[PDB]
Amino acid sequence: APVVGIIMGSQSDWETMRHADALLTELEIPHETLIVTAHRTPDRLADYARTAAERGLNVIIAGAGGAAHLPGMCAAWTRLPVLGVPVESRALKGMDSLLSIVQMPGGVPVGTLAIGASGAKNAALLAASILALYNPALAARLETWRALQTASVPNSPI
C-alpha cells in the first residue's frame, strides 16, 4: 500500500516528476503516481486530498507549472505534509511556478523544492527523510543513499 502519493497536472509534467518516482523506487518506498489537475479536475483533486490520510498516505508530492495551484489546493484539503515541485514553464522558466507554490499565506503550508528535475528528486528525498523518522529500515537505506552520494563525488574534473 502506497505511503507517498506523487501527483501532477498533465502528461507534460512527467518529464519532471519521473525523477521523484525513480527516487522513491530506488529507496523502495511504496507509492502511487497519478495525474490530478487543480484546474481541469478540481473535484478529483478534492476527493484525492481529503481521503489521502484515511487511505494510508503519509506524504503527498505535487508538481505543477505556470499558475501552479495543485500543491496549495491539495494542502487545503489534507493535514498530511504536502511537498510542491515547481515545473519549469515555457516562457517564465518556472518563476511563475515557483512563486505560485511557495508564497502560501500562513495557515496552510507547502514545503517547496527547486524548479524542475532537481526539485522532483528532492521532494522524493524529503519525503523519504520524513518517513525515515518512524521507519528504521528505511532510515538505514536513506543513510546509505546519502553516504554514497557524498562518497562518489570525484576529486577533480575530467
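Don't overthink the numbering: it's just position in the shown sequence, from 1.
Higher mean CA B-factor, judged across 63 to 71 and 48 to 56 from the recorded values: 48 to 56. Within the listed group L34, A124, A114, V102, the record reports its top CA B-factor for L34. Sort the chain's modelled residues by C-alpha temperature factor and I7 lands in the lowest third, per the entry. Sort the modelled residues of the chain by CA B factor and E28 lands in the middle third.
When the modelled residues of the chain are ordered by their C-alpha B factor, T41 lands in the highest third.
Among all modelled residues in its chain, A91 ranks in the highest third by Cα B-factor.
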